[PDB]
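Participant: Got a structure for you, written out below as structure tokens; questions coming shortly.
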Amino acid sequence: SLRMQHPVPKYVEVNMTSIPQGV
Amino acid sequence: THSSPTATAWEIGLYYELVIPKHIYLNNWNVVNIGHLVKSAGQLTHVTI
Amino acid sequence: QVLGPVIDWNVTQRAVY
Ligand SMILES: *[C@@H]1O[C@H](CO)[C@@H](O[C@@H]2O[C@H](CO)[C@@H](O)[C@H](O)[C@H]2NC(C)=O)[C@H](O)[C@H]1NC(C)=O
Ligand SMILES: *[C@@H]1O[C@H](CO)[C@@H](O[C@@H]2O[C@H](CO)[C@@H](O)[C@H](O)[C@H]2NC(C)=O)[C@H](O)[C@H]1NC(C)=O
């Protein structure tokens, strides 16, 4: 007997935008 | 000013203050300063305009 | 007396892959 856990790929989309002058 | 059992009379003094506008502004936003972090000669520093 | 850093609030410039 030998139980194991194999990792399987995935992903989450992340958009980013700027803030001119930090305002 | 007069008080009978069948008749009365009163006077009231009202004073009004009317603001006359010069300009009216309708579409407005509030500013929120966030700034920027800077790591300098070991020290972390928050910088703002 | 050295020149110091520059900041311009550009996110794209600081992307790490
Ligand atoms: C969120 O965006 C990700 C991008 O990583 C989407 O991932 C894709 O999903 C499909 C299945 O519908 C896969 O066939 C693709 O290979 C994935 N693309 C990749 C890894 O670039 C994901 O579907 C999106 N999620 C939602 C809930 O819309
Ligand atoms: C913000 O940063 C990005 C990345 O440094 C700049 O976009 C690049 O602009 C040059 C031309 O100046 C192009 O040759 C590159 O292909 C661009 N790279 C990418 C990933 O788009 C951008 O010009 C900077 N400034 C502003 C105001 O957005």
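Chain identifiers are assigned as A, B, and so on, following the order in which chains appear in the structure tokens; residues are numbered from 1 within each chain, and ligands are numbered from 1 in order of appearance.
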Just need the residues of chain C within 10 Å of chain B, counting only C-alpha atoms, so spit them out as a list in words.
Facilitator: residues 4, 5, 6, 7, 8 and 9 of chain C
Participant: Residues of chain B near chain A: apply a cut-off of 6 Å, count only C-alpha atoms, and supply the list as a ChimeraX atom specification.
Facilitator: /B:32-35
Participant: Go through the chains and note each residue within 8 Å of ligand 2, using only C-alpha atoms and all ligand atoms, then give the set as a list in words.
Facilitator: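 So the residues close to ligand 2 are residues 10, 11, 12, 13 and 14 of chain C.
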